[PDB]
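In the structure tokens that follow, the same protein chain appears in two forms, which are kept apart as structure 1 and structure 2.
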Structure 1
């Protein structure tokens, strides 16, 4: 009885598969335990340690804070064998401790709560031990590599801190002085410390950017009337025009709005500052995507109307600059609306 349309289930294979995948990453970026089983249930990764390990190091859309929060768990064994698996496909041979830490820190954020930091460091240090045993041998107590890894982290934080005057920052001799007697009473060979200090000074240790990085650089461009949570991702950016009254015409350019669509939130802004190769946006209002519907319309004064509603009833009215931007934006907003609705899990 139902006619075939383009909205029939026979045509939504790709759309629904990709929707589930994005939901999986969304549950990981909120709670990595619920997220990870979600993706093995739907078969996005095998239930293997290296499987989850290959996934966390390569897939985009995963928060590096949330990856480190996961890989840094002592309780779960899988997290430890995924951690040992992630350190396995990182080769630290013919490299100083700081160049190994930098490579390791490129994938996992090494910050936050003392318990889980100690642990990624613990697991990192031993991978550094296995790989360059020789260097370990000129250490009275191999326990000192763990101590030295934290000293490098402490050096990096201090050196590139915006909160310390340059003259109150750690000098090379202050770094050497602080490590005196660290090796169970003996000192670490000084040229090794010269190297370390002399190369963190050349280049700060920085974690690789992720989706949270883009949301926070957008967030710093908005002057409020706090969106960089690890689950939130930027979907699209669009210029629209707001419509106070769709029954009268308006001059072109009036009520110009810059819209930011996130996977669970829609923020409406208006241009604030102007030149210098960018701008700020004065936050006007934001909308939850739950219960929201997009009704496309047009009249004699607005050929490309967009209307946002709910029945949980008109949120706002927009006119798009052209039909293409209209199709693209409404297609993304409808997909983000479906993502949020599907996500309302009732377990």
Structure 2
């Protein structure tokens, strides 16, 4: 019999994902101990490839760890689900990169390229053409990753990006003194030029979209951060004084561990940009609902943490009672999630044996 899907059970599933997105080995252990994923390599492999809320960066960091038997067994199950038969190396890399971001720490990238290349070779025994050194496959696979990053980097300016002859020249003599066939490198370059090797989006992609629309607020897309709710509220400087109904309009972005307050900067036909005003940590935050003669859907946020005493952070009035309920319910839940995360992070007492 399975455990029902209540609010607390869903919260600890999210806690498991949060822990994975900060320290992958801890998150996997947490999800296994709670019964959310079987304690097998195949179970974790299918979990990592199918479940939302997992950072593509952190999936790569877990799978790229060659120092633990479990992680290596999971990566074996991962690549064994992929078919690279009768396709070119870059075409197989495109399929691999769609699920796993092949970027990060060098030792993790090497391990990911190693398992990829080994699977590509087992999938293509019918290709009678071979390099003089079999290890040349690993080199070309690296070169494809680096070209894709170079060609579609917003940090390398166009005039200095790698051109066709630059890609070819850099690989000169790499196959035991001789070069890889020119026609092969030309075909790889052209296919990459036509379509960037993109990884499937995750929750971090959503935060990056919001980030670019906010002008400082601009750097929010940490691997564990997830957008929960976008809500329009009206700021209330003084709840004991009236104000016009549409005044102090704010566009609020609630994340799983952070509350961001903005105001519209520019509104065109459809596009919109925002000006960052302030952000608040959810730890020790309390949510109060109020109503008086001036505001029927009031919200008051306080910082009931230690140090000093209770402090008022900000007041709002929602446009209607349903918006206040939905926003405050999600904020309260995220606050509860963070407090459990802080209790778990206090585990570092375990680290100090």
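Basically, rigid core = biggest C-alpha set you can superpose within 1.5 Å across the two forms. Numbering follows the first chain given and starts at 1.
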Q: Quick one: lay the two forms over each other on the core and tell me which of 157, 256, 208, 214 moves its CA by at least 2 angstroms between structure 1 and structure 2.
A: 157
Q) Is there a C-alpha shift of 2 Å or more at residue 182 between structure 1 and structure 2 once the rigid core is superposed? A) yes
Q: Indicate whether residue 71 shows a C-alpha shift of 2 Å or more between structure 1 and structure 2, with the rigid core used for the fit.
A: no
Q. So, does residue 198 move by 2 Å or more at the CA between structure 1 and structure 2, with the core held fixed?
A. yes
Q. In Å, how far apart are the CA positions of residue 139 between structure 1 and structure 2 with the rigid core superposed?
A. 3.6
Q.
When the rigid core is overlaid, by how much has the CA of residue 167 moved between structure 1 and structure 2, in Å to one decimal?
A. 6.3
